[PDB]
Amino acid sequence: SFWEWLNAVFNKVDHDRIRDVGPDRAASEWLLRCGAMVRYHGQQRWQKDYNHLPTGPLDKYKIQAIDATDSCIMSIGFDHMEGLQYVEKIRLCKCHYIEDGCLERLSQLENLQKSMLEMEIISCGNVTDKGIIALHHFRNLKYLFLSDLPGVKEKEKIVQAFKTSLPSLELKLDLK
């Protein structure tokens, strides 16, 4: 359908664009066009309007935090994450297209394994235990908040899994 194509082209990576403006700017464009927000290292305020992203010096601004609420990000859109070196916080809230494969793709990016400190996954109805358990590759994670994930059926197993793989993790669960 047209809507499938439209979501796909919102997500598709343009590698020319990454070459021209660098990974952080290209990912910022992807996130904001898809209804997410980003916040750069050294800045208090969030980027929430695509047209107000900085034009500024080339590749200066580095994403620290991502807040994708009510966003159409999915699957291969996360390939925009590949070049980012300094992402510490990700919130995925009411991201109706996210699935386990998105979380798997993120978990395999060594750049994110090195930098990630905090993640929050809220009201993303497709996510299951499999996608959550993939997050154990974020070896530096200190905070994980899971909420309203009806597909996560075995929350006790998740707690024990993380107890072993990430003993220092503060795991906050608001799960049925």
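Numbers for residues come from their place in the sequence shown, where the first is 1.
A summary of the deposited B-factors shows that, of 19 to 27 and 160 to 168, the stretch with the larger mean C-alpha value is 160 to 168. Just going by the entry, 147 to 155 versus 37 to 45 on mean CA temperature factor gives the higher value to 147 to 155. Per the deposited coordinates, the residue with the largest Cα temperature factor out of 81, 76, 93, 103 is 76.
Of the candidates 119, 135, 32, 58, the deposited coordinates give 58 the top C-alpha B factor. When the modelled residues of the chain are ordered by C-alpha B-factor, residue 124 sits in the middle third. Among the modelled residues of the chain, residue 52 sits in the highest third by CA temperature factor in this PDB entry.
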